[PDB]
Amino acid sequence: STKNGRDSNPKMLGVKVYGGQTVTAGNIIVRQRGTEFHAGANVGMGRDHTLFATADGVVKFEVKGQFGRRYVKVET
Amino acid sequence: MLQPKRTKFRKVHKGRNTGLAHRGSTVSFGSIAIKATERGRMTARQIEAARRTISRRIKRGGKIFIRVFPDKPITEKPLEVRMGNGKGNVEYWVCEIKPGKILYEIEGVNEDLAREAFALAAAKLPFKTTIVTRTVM
Amino acid sequence: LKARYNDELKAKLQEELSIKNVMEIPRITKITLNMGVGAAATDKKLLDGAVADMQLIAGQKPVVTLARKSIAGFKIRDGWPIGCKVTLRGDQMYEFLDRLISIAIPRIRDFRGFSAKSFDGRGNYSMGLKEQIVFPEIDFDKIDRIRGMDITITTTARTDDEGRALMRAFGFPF
Amino acid sequence: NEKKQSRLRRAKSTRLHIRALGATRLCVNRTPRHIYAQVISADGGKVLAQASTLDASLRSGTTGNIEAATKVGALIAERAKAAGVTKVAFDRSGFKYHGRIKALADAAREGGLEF
Amino acid sequence: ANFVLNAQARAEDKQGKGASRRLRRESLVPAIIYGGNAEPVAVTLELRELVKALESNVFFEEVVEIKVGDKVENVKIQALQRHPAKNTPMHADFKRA
RNA sequence: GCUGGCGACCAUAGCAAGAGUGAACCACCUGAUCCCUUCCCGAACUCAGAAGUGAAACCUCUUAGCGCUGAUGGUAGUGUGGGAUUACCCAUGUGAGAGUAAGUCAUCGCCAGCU
RNA sequence: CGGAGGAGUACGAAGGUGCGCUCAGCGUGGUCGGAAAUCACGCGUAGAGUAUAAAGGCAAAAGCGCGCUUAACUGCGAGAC
């Protein structure tokens, strides 16, 4: 009899809206366990590190700053 | 009987052996070497048998460099056991061999004696081999 | 000292060590007193006596030092108090230095306990002194188990030569 | 020396929060000899108004005490009003909000900047 | 001047994986020549001549001449690629000298 | 042309070594009276000031030492069609990683002082 | 009925906020005191920590302290997964 045989239910993480798409305020952009992406302009961060839009516009990804963090912002 | 002193995991996936040995195909330590020309597996017992044959032939007048290490565990079922009920138990260790991989090098003996020793060792191996010498590039 | 140091030893050391700028002239920055009172968890009164000792020798309140990390070989927990330390600067460290050098050094039975070596290689000197007595505090009576001190003086002197010159100018035995 | 590095490390969080809020900033700098106060736009790259003890009106004084800070605060408030900014976010640049900087902030508040 | 390798120009239509495999099936060897003050040039060598030259030991420390048409280049061998299992030379690098 | 503050950018821009700067600025610097401060300490934070020094620090310049950037060509992998089954070959499209030549001791913006 | 580990809790502070602070390791000296207690100066360096398993994260530190506190609120809620 094996001592293995367990696993957890899937969580369905990942990028939900890609660069160049238009969003409405409140749209979820990234589901992530940790801050793989950071919130830029017009983007808010939830209690579970979810990134969402706070304004209408076009999503844009970039690499910026002195640490080389990945940012996602919304351009109005 | 070479085998890792400790391992992070006990049992590993079967995998697939494909491609050529671009790394580890150049004579580095000695002057003459034996290398494989087809792919396969090399067990620890095979490695030990070939090393013993080479050392006995050359009478330990030089140095033998072994460049293969069996770090892959292989499992088998306990026999008369049905399919299922978990993976089998580790039985022996192998090294994956790709065409071009150098197995042994010899330093400090004549080419004739080295080639005789390599011909003696090649009969102990499950794949085809060839003899190479050091070159500038 | 203070004024006496400023008037004499500055120029004296400058000429002795051939220092072009007055800013590189060695100076004394701070004096630290420490005792690693281990196994204090057992009795819990030796530390209380020790803080009184520090209040006596130095006119400054002591700060109790906690252990960092817990060692099973010793009996120290993660954050229990296992030491005491005080830091003296300005005129108070000068007062402590003068008072100690003048009166405590003769009082110890042994002599030449302090070498001309034992700098840390960067112009700072450490002292290990035994017995809380030899200081202006009550004698063997009315005091608890005897304790020793560590006295680390830190100087702006870059290396051991300017350290030795600076402290000999003050008058240390070696 | 770690003193200036620690000061910038202290100022980092307030500066980043003000930038995220997007408000016009009022930044102050203090030296033992002088004080400075400049108003910067939201993007943080343009200076609208500026004042300091280096001005001809104030350079003849002591320039390194609370009295000079009060006059510099009044000057920066007056000049910011002419520029046309009303609400600002104060940036202490890692200094303690006390003494000279507090006096300059109060002088600006009496001058008319709302913060 | 002691070593001379007769070569042909290797054009863009003869560059690439499939073209290189066709060249090696023709018993030819691709090579590149680069070095100060001039752009790289791609050439095609003969496997026979390359093996003959590599057999000699002074070939690795002497200025050699690669001759294509009338153009002549004075170079030294810089790198060689061999087949891992067959030891056949497969590509050559030449630095202008 | 020098100095300070705030940004763009985040190593071709960084580290390391060597050398320079005091008119103004900045930095050390004086001591601790009132503000304020230290699980002790004017060390930091703070106040009130200029008797000294550019020593340290910070800036500026030089160096390819460490680091970083990096082709061309070839090789590995791979979508489609075909041929084979130790995992390859052909046609066509695509194409690294490593390494080689080579490059680099950054480049811009706003405001204010001193010539 | 493939290969490896965890959970059936904890916390009125281990929550909120304002202000403040950086770990781990090694080397030199310093009473007991040393392999390793505490003190002092350096060197290089995220290798520490994050109540708990692993993963994704963590400089405006999400790590670590102090003062005051109860937003561990009520009615909801555009828009999304």
Side-chain angles (χ1 to χ4, degrees), chain C residues 1-38 50 53-63 65 68 83-137 146-174, chain D residues 1-3 5:
Chain C
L1 308 196
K2 194 75 181 310
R4 158 185 163 186
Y5 161 78
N6 296 334
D7 315 300
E8 272 85 70
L9 290 315
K10 298 286 283 309
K12 183 232 70 62
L13 279 169
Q14 182 176 9
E15 304 132 344
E16 161 180 0
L17 301 153
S18 311
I19 311 173
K20 304 96 188 177
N21 267 19
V22 318
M23 305 292 343
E24 328 214 311
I25 295 180
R27 204 172 66 170
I28 176 66
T29 39
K30 57 204 283 296
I31 304 183
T32 312
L33 289 122
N34 176 25
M35 302 136 39
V37 291
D53 311 342
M54 272 75 278
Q55 193 78 28
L56 301 169
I57 299 106
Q60 297 226 146
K61 199 164 139 14
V63 47
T65 310
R68 54 163 215 92
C84 284
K85 57 159 296 189
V86 293
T87 289
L88 257 73
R89 319 170 117 92
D91 88 6
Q92 197 140 353
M93 60 133 296
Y94 282 137
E95 287 164 345
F96 169 80
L97 183 73
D98 169 43
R99 164 160 32 98
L100 148 109
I101 282 189
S102 155
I103 77 99
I105 265 74
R107 205 155 331 298
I108 58 191
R109 39 253 289 289
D110 305 70
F111 300 114
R112 186 59 34 234
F114 321 127
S115 65
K117 211 227 165 187
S118 182
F119 287 97
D120 53 11
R122 276 163 307 289
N124 324 313
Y125 206 117
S126 49
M127 285 337 151
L129 164 150
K130 175 68 74 180
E131 255 287 1
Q132 42 196 0
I133 76 162
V134 313
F135 274 113
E137 105 284 23
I146 62 160
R147 302 179 202 95
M149 269 55 102
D150 298 339
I151 305 102
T152 287
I153 64 101
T154 301
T155 89
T156 86
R158 293 154 285 180
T159 146
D160 284 12
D161 305 301
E162 309 89 304
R164 247 178 300 252
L166 175 71
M167 56 156 243
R168 281 177 329 188
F170 288 116
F172 198 70
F174 268 154
Chain D
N1 288 337
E2 304 293 301
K3 218 176 73 145
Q5 297 312 282

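Chain letters run A, B, ... following the sequence lines, proteins first and then strands; every chain starts at 1.
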With rounding to the nearest 0.5 angstrom, report the CD1 to CG distance, C/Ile146 to C/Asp53. 11.5 Å
Suppose the criterion is salt bridge (charged side-chain N to carboxylate O under 4.0 Å, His left out): which pairs have a residue in residues 6-23 of chain C, not counting sequence neighbours? C/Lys12-C/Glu16, C/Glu16-C/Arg168
Determine which pairs satisfy ring-ring contact (aromatic ring centres under 6.0 Å, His included) with at least one residue from residues 90-120 of chain C, sequence neighbours left out, and list them in order. C/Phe114-C/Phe172, C/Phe119-C/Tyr125
Indicate the atoms forming the closest heavy-atom contact of C/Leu9 with C/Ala169, along with that distance. CD1-CB, 3.5 Å
Evaluation steps, side-chain contact (heavy atoms from CB on, under 4.5 Å), between C/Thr159 and C/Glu162: CA-CA 6 Å; C/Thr159 146; C/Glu162 309 89 304; 3.1 Å; yes
Enumerate the salt bridge (charged side-chain N to carboxylate O under 4.0 Å, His left out) contacts for residues 22-34 of chain C, please, sequence neighbours excluded, ordered by first and then second residue. C/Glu24-C/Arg158
Could you list the donor-acceptor pairs under 3.5 angstrom formed by side chains in residues 55-63 of chain C, with sequence neighbours left out?
unit_1, atom_1, unit_2, atom_2, d
C/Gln60, NE2, C/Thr87, O, 2.8

Heavy-atom nearest pair, C/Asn34 first then C/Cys84, reads OD1-O, 2.8 Å
Kindly write out the residues that satisfy ring pair (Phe, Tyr, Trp, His ring centres under 6.0 Å) with C/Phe170, not counting sequence neighbours, or none if the list is empty. C/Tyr5
Should C/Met54 and C/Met149 be marked as a side-chain contact (heavy atoms from CB on, under 4.5 Å) after you check the CA-CA gap, both sets of side-chain angles, and the distance that decides it? CA-CA 10 Å; C/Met54 272 75 278; C/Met149 269 55 102; 4.0 Å; yes
In short, C/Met35 meets C/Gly148 closest at the heavy-atom pair CG-O, 3.0 Å
Where do C/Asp150 and C/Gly128 come nearest, in terms of heavy atoms and distance? OD1-CA, 4.0 Å
Pairing residues for C/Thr155 by the side chain to side chain contact (heavy atoms under 4.5 Å, CB included) criterion, not counting sequence neighbours: C/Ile28, C/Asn124, C/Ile153, C/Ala157, C/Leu166
I'd like to check the side chain to side chain donor-acceptor pair (under 3.5 Å) partners of C/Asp160; sequence neighbours left out, ordered by chain and number. none
Tell me which pairs pass salt bridge (charged side-chain N to carboxylate O under 4.0 Å, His left out) where either residue lies in residues 105-133 of chain C, with sequence neighbours left out. none
I need the minimum non-hydrogen distance between C/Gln132 and C/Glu137, along with the two atoms involved. O-OE2, 2.9 Å
With C/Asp91 via side chain to side chain contact (heavy atoms under 4.5 Å, CB included) - residues at least two apart: C/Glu95
CG of C/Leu88 to OG1 of C/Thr32: how many Å apart, nearest 0.5 Å? 8.5 Å
Expected output: side-chain C/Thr29 to main-chain C/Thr154 donor-acceptor under 3.5 Å: yes
Point-to-point distance, once rounded to the nearest 0.5 Å, from CG of C/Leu100 to CD1 of C/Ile31: 8.0 Å
Under the side chain to side chain contact (heavy atoms under 4.5 Å, CB included) test, residues paired with C/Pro136 that sit two or more places apart: C/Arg99, C/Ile103
For the student: nearest non-hydrogen atoms of C/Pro26 and C/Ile19, plus distance: CD-CD1, 3.7 Å
Taking only residues two or more places apart in sequence or in another chain, which ones pass side chain to side chain donor-acceptor pair (under 3.5 Å) with C/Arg164? none
